[PDB]
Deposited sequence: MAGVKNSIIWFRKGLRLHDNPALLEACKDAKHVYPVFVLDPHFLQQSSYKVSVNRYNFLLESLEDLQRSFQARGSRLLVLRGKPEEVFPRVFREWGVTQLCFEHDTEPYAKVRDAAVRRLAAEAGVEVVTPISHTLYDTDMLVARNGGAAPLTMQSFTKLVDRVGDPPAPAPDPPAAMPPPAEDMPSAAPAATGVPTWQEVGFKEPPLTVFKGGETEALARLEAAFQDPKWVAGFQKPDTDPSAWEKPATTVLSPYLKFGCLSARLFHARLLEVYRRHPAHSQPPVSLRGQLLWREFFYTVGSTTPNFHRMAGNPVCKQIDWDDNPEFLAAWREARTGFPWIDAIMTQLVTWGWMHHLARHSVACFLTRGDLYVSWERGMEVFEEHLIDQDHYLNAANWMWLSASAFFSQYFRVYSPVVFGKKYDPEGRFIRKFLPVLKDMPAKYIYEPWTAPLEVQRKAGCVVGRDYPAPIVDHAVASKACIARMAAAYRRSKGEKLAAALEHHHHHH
């Protein structure tokens, strides 16, 4: 007979899952498996992102239960669990969506040879990205494009991405009954308390495929907003209704298919001939994700500076005092501190909000390494993506792709263009809720009488600015110019 395993790592969804469709084909029993390392915390990761993953697994569990099946959350490591369940369940075929991250390449290679000894077929479709990223490199002559302009000219020569896979059957072959490793008491989806977390998550974005499809349909409620979407023109201070889709955590964990997003975009574009074009368009934003995956997967040490062939070698400062102030949202600049507070409470900020805080730490004011700042974002971002976090932190540090180090955002004036009343600041920094809008971006310039009337004295209730931006940015730009000259 045919007994199969659909292994979930990313792609936590039932729609557009070519691995699941193959796993269910002619199968007597299908085993939906997610491998969980219970010692992950005792080895880093916020409860915001981990609970978002748990909520995603609960959505998969309710979707499988509604079709006569059941999600199995196996504890342990894949190299140790799979050899056992192969022979316990009589597995003949193992299916899982392809992954191009460095750890996945080593992990899958080990499971591929474990399945071979067990006489198990391995099927690994590509569905996390729009295209086969190895195909894009081969068609480009054997190298990956290093600019968005050249990348977009390549994908347009390749053509449309593959259409999203059809839906799985309404009834799925269930796991075999009375299997010891498939017992519900050891294969259930745990909560954030049971995995060893003390404080609860505070984010407002719920995980799972159902929420991903609901936020997708809400974004496409106004097709004119979708067709005329221009990323550099969106509002980073909009928090009640974010100015962008906020689909990045769903796309990261695979709760939403990128190919489904792309096909829905083309449907709107055919009806709106004046739709925006890449890179500013919504489709361009998916291409940014596709471009950074293509470059990073073919570049060694892409998440580091040393040994990175695309990253410039800058003598970043080792200043733990400045890093602690930026990380703990006490820089003394309310625009920066409010975004850093939104980072640790929601796990998501607007793209230009991330521009402000990444530039402030690196080439703008503090001259701290982009690796140190990437580590802080990897812990708290619920949309943390290995290749996307890395490429964008090298972008904002003027280490790769971007090179115009004279463009320095001001921590005072950037947000004031969008939100002169400081509504974004008053929300995430309630210690400044009574400060008048004249000084809300520069609280150290408010008279002492005003600081007391507002109940926020600089130095007692809110810290003073750690640096003078006019002086700090002048020094940072001079050092960046001396670096691009020694190259």
Missing C-alpha coordinates: which residue stretches of the deposited sequence does that apply to? 1-3, 47-49, 494-509
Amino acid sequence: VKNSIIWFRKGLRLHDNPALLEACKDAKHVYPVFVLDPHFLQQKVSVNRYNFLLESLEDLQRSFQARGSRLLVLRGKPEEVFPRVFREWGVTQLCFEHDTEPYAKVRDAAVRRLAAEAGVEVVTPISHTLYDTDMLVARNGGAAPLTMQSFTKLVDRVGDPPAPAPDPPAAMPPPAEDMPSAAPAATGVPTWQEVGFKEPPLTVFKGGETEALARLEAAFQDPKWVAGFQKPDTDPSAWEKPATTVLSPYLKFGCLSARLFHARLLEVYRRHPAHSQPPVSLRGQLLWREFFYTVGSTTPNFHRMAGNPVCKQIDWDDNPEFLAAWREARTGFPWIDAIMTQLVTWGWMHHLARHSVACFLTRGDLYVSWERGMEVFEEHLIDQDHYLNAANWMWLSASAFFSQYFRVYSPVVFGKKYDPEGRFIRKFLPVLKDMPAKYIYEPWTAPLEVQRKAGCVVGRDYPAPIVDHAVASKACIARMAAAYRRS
From here on, numbers count along this sequence of modelled residues.
Looking only at C-alpha temperature factors in the entry, 308-316 or 333-341, the higher average sits in 308-316
Is the mean CA B factor in the deposited entry higher across 17-25 or across 474-482? 474-482
Criterion, highest CA B-factor; candidates, 95, 265, 349, 176: 176
At the C-alpha atoms, which of 239, 151, 229, 103 reaches the highest B-factor in this entry? 103
For residue 159, the third of its chain by CA B-factor is the highest
Which third of the chain does residue 270 land in by C-alpha B-factor: lowest, middle or highest? highest
Please rank the C-alpha B-factors of the chain's modelled residues and tell me whether residue 431 sits in the lowest, middle or highest third. middle
Of the three thirds of its chain by CA temperature factor, lowest, middle or highest, which one includes residue 462? middle
Which third of the chain does residue 50 land in by C-alpha B-factor: lowest, middle or highest? lowest
